[PDB]
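Enquirer: Okay, here's the structure, questions in a sec.
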Amino acid sequence: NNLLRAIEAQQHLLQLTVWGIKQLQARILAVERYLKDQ
Amino acid sequence: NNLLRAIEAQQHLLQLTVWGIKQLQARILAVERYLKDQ
Amino acid sequence: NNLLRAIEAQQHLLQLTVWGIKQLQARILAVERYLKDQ
Amino acid sequence: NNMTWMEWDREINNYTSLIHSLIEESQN
Amino acid sequence: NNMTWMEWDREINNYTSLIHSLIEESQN
Amino acid sequence: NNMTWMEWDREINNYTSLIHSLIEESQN
């Protein structure tokens, strides 16, 4: 049961890191495009 | 067995997030260098 | 026991990806601000 | 390799859905 | 959605602390 | 702290290899 609870919590952690990576990808893409346009 | 399968799948997820972070690190480094060079 | 050891190691992996994401967030923010200031 | 951000999204979602199912089935 | 980087930090830390406890309790 | 991207790479790979082994040994 502790292991099940650990995996559950770790899945939440993973989802948070996915959110973060998606945010950063959009932001760096926006910067790359800004520099290209300039 | 469900827990083993969960950990297996989570390891694939982790590997994907590692790929993503490596991509973003190279891209931001490229941008930092571009700005330095300019 | 193998599953416990797997979850332990995976938590270390997750912590490393969190470190990496935090580094990238600060770096892209620094770049965004640099461009705004310029 | 062949990995693109849209493929990355797809694979993330597929693994996440599978894990959700596995964890729930375990709840039972 | 409502997610900010400070909230992200908070939630990461909370889940990490919980997992540490769960893994340790299992050590016992 | 002391963490660099090359050290990060190294540690990621080491943990990933260990997890692969643990999961496989469990398959047995």
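Following the order of the structure tokens, chains are lettered A, B, ..., residues in each are numbered from 1, and ligands are numbered from 1.
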Check the DSSP output for the backbone and give back, as a ChimeraX atom specification, the residues of chain F in alpha helix (DSSP H).
Expert: /F:5-27
Enquirer: Go ahead and save the residues from that selection, with C-alpha atoms, as a compact mmCIF listing (two decimals), in the first residue's frame.
Expert:
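The resulting file, out35.txt, is reproduced below:
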```
# COMPACT_ATOMS: atom_id res chain seq x y z
CA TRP F 5 24.79 19.55 -16.83
CA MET F 6 27.42 16.89 -17.51
CA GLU F 7 27.09 15.57 -13.94
CA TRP F 8 23.30 15.71 -14.36
CA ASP F 9 23.60 13.55 -17.50
CA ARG F 10 25.82 11.08 -15.69
CA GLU F 11 23.51 10.68 -12.69
CA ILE F 12 20.39 10.37 -14.89
CA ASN F 13 22.02 7.55 -16.85
CA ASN F 14 23.19 5.72 -13.72
CA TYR F 15 19.75 5.78 -12.09
CA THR F 16 18.06 4.77 -15.35
CA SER F 17 20.36 1.74 -15.77
CA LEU F 18 19.74 0.66 -12.18
CA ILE F 19 15.97 0.95 -12.60
CA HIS F 20 16.09 -1.08 -15.82
CA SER F 21 17.92 -3.86 -13.97
CA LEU F 22 15.52 -3.80 -11.01
CA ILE F 23 12.44 -3.97 -13.23
CA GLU F 24 13.88 -6.81 -15.30
CA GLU F 25 14.99 -8.82 -12.26
CA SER F 26 11.37 -8.46 -11.11
CA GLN F 27 10.18 -9.85 -14.46
```
Enquirer: Any idea what's packed within 7 Å of residue A:21, counting only C-alpha atoms, ignoring anything in its chain fewer than 4 positions away? Could you give it as a VMD selection string?
Expert: (chain A and resid 17 25) or (chain B and resid 20 to 21) or (chain C and resid 21)
Enquirer: Atoms to include: C-alpha atoms. Write the selected residues as a PDB file, in the first residue's frame.
Expert:
```pdb
ATOM      1  CA  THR A  17       7.179  18.211 -14.631  1.00  0.00           C
ATOM      2  CA  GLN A  25       9.075  24.774 -24.716  1.00  0.00           C
TER       3      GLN A  25
ATOM      4  CA  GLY B  20      12.538  17.134 -23.443  1.00  0.00           C
ATOM      5  CA  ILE B  21      14.752  18.791 -20.860  1.00  0.00           C
TER       6      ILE B  21
ATOM      7  CA  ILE C  21      13.460  22.405 -15.131  1.00  0.00           C
TER       8      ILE C  21
END
```
Enquirer: For chain D, work out the contacting residues on chain B at 6 Å, counting only C-alpha atoms, and write them as a ChimeraX atom specification.
Expert: /B:2,6,9
Enquirer: Print the selection's residues with N, CA and C atoms to a file, as a PDB file, in the first residue's frame.
Expert:
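Wrote selection21.pdb, looks like this:
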```pdb
ATOM      1  N   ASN B   2       0.302  -5.006 -11.320  1.00  0.00           N
ATOM      2  CA  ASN B   2      -0.094  -3.664 -11.740  1.00  0.00           C
ATOM      3  C   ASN B   2       0.956  -2.641 -11.334  1.00  0.00           C
ATOM      4  N   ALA B   6       3.116  -0.275 -13.706  1.00  0.00           N
ATOM      5  CA  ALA B   6       3.047   1.175 -13.497  1.00  0.00           C
ATOM      6  C   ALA B   6       4.447   1.778 -13.487  1.00  0.00           C
ATOM      7  N   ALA B   9       5.959   1.822 -17.033  1.00  0.00           N
ATOM      8  CA  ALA B   9       5.399   2.904 -17.831  1.00  0.00           C
ATOM      9  C   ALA B   9       5.934   4.255 -17.352  1.00  0.00           C
TER      10      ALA B   9
END
```
Enquirer: Up to 8 Å from chain A, what residues of chain C turn up? Count only C-alpha atoms and give them as a list in words.
Expert: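 Putting it all together, I get residues 3, 4, 7, 11, 14, 17, 18, 21, 24, 25, 28 and 32 of chain C.
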Enquirer: What would the file look like if the residues just selected were written as a PDB file, in the first residue's frame with C-alpha atoms?
Expert:
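Printed below is result39.pdb as written:
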```pdb
ATOM      1  CA  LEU C   3       9.869  -2.383  -6.656  1.00  0.00           C
ATOM      2  CA  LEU C   4      10.771  -0.383  -3.553  1.00  0.00           C
ATOM      3  CA  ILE C   7      10.632   3.753  -6.717  1.00  0.00           C
ATOM      4  CA  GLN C  11      12.416   9.563  -6.982  1.00  0.00           C
ATOM      5  CA  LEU C  14      12.434  12.968 -10.635  1.00  0.00           C
ATOM      6  CA  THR C  17      14.449  16.537 -13.640  1.00  0.00           C
ATOM      7  CA  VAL C  18      12.991  19.103 -11.223  1.00  0.00           C
ATOM      8  CA  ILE C  21      13.460  22.405 -15.131  1.00  0.00           C
ATOM      9  CA  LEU C  24      15.859  26.247 -17.518  1.00  0.00           C
ATOM     10  CA  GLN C  25      13.015  28.366 -16.166  1.00  0.00           C
ATOM     11  CA  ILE C  28      14.668  31.551 -20.156  1.00  0.00           C
ATOM     12  CA  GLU C  32      13.085  37.190 -21.797  1.00  0.00           C
TER      13      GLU C  32
END
```
Enquirer: Work out how far apart atom CA of residue B:26 and atom CA of residue A:29 are and give it in Å to one decimal.
Expert: 12.4 Å
